[PDB]
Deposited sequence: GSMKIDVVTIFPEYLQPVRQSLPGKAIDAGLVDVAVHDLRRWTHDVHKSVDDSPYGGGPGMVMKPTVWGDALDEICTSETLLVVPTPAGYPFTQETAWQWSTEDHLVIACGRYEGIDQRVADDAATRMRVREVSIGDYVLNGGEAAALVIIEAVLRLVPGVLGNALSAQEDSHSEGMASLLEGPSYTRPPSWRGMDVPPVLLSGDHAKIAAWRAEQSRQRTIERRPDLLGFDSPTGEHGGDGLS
């Protein structure tokens, strides 16, 4: 049973996952995903969420006063506050497993140059805060990363949704001049396992030598 709150200036972006949820898991009270528009907590008529960085430079920084108010309302001491950022600790499958047993995740989607650092610093004095990167590239905002995180975590929550894996094949046995490797149709399951292991080894060497 997990509650996920997402805070973003683009709430419509998160509507796919809101619809990716089986009705059964919602009605069983296994999962709830709520999305909140950050501008609800702006306090000027122009609904400002960012401002120029101290120390100069191009880019805008999201205002601590706005985020502070939002997190104050949404978070509790039990919350795991997740902040996607290219400067974060690596988000991996191990991370997803760990977070899959959390009761309350709040994902704070930043944009532009990022969120004023005091927001996370302040939050960290009364809840668990995790700045995480989903990969070594740069996006415009945290929303796509939030989708990845939500999907990776929730698919590990029962009933809600190393080497590289080798190739897989299904019907038909012959297609556009290409046959399924005959070993897979051999009925020798020890030999099939060894073939797949070697395929995995070769693919890992070729594509991800870092994993060795």
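Visitor: Can you give me the gaps, meaning deposited-sequence stretches with no C-alpha coordinates, in sequence order?
Guide: No C-alpha coordinates exist for 1, 163-178, 230-244.
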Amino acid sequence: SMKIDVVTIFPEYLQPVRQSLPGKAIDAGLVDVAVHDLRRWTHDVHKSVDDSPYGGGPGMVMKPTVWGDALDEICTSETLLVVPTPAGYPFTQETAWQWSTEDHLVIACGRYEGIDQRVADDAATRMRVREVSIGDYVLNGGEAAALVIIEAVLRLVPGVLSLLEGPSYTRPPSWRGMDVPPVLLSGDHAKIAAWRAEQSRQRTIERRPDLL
From here on, numbers count along this sequence of modelled residues.
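Between two forms, the rigid core is the largest collection of C-alphas that superpose within 1.5 Å.
Visitor: Fit on the core, then compare CA atoms: does 166-174 or 151-159 lie farther from this form in 9 other deposited structures of this protein?
Guide: Higher average C-alpha offset in 9 other deposited structures of this protein goes to 151-159.
Visitor: To spell it out: superpose each other structure in 9 other deposited structures of this protein onto this one by the rigid core, compute Cα RMS over structures and residues for 111-119 and for 98-106. Which is larger?
Guide: Between 111-119 and 98-106, greater C-alpha deviation in 9 other deposited structures of this protein belongs to 111-119.
Visitor: Does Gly57 go missing in at least one third of the other entries compared here?
Guide: Modelled in all the others, so no.
Visitor: Is it the case that, in at least a third of the other entries compared (those modelling both flanking residues), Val35 has no coordinates?
Guide: Modelled in all the others, so no.
Visitor: Compare the mean C-alpha B-factor of 53-61 with that of 147-155 as given in the PDB entry, and name the stretch with the higher value.
Guide: Averaging CA B-factors over each stretch, the winner is 53-61.
Visitor: Which is higher on mean Cα B factor in this entry, 190-198 or 14-22?
Guide: That would be 14-22.
Visitor: Identify, among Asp122, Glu113, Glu78, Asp116, the residue whose C-alpha carries the highest B-factor in the deposited PDB entry.
Guide: Each of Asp122, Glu113, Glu78, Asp116 was compared by C-alpha B-factor; the highest is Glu113.
Visitor: Choose from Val31, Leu164, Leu184, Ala70 the residue with the greatest Cα B-factor as stated in the PDB record.
Guide: Highest CA B-factor of the listed options: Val31.
Visitor: If you rank the chain by CA B-factor, which third does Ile4 end up in: lowest, middle or highest?
Guide: CA B-factor rank for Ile4: lowest third.
Visitor: Against its chain's modelled residues, does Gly141's Cα B factor rank lowest, middle or highest third?
Guide: It falls in the top third of the chain.
Visitor: Would you mind checking where the Cα B-factor of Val180 ranks among the modelled residues of its chain, as the lowest, middle or highest third?
Guide: Ranked within chain, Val180 CA B lands in the middle tercile.
Visitor: Going by the entry, which third of its chain does the Cα temperature factor of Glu131 land in?
Guide: Lowest third - that is where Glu131 ends up once the chain's C-alpha B-factors are sorted.
Visitor: C-alpha B factor of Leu38, ranked within the chain: lowest, middle or highest third?
Guide: It falls in the middle third of the chain.
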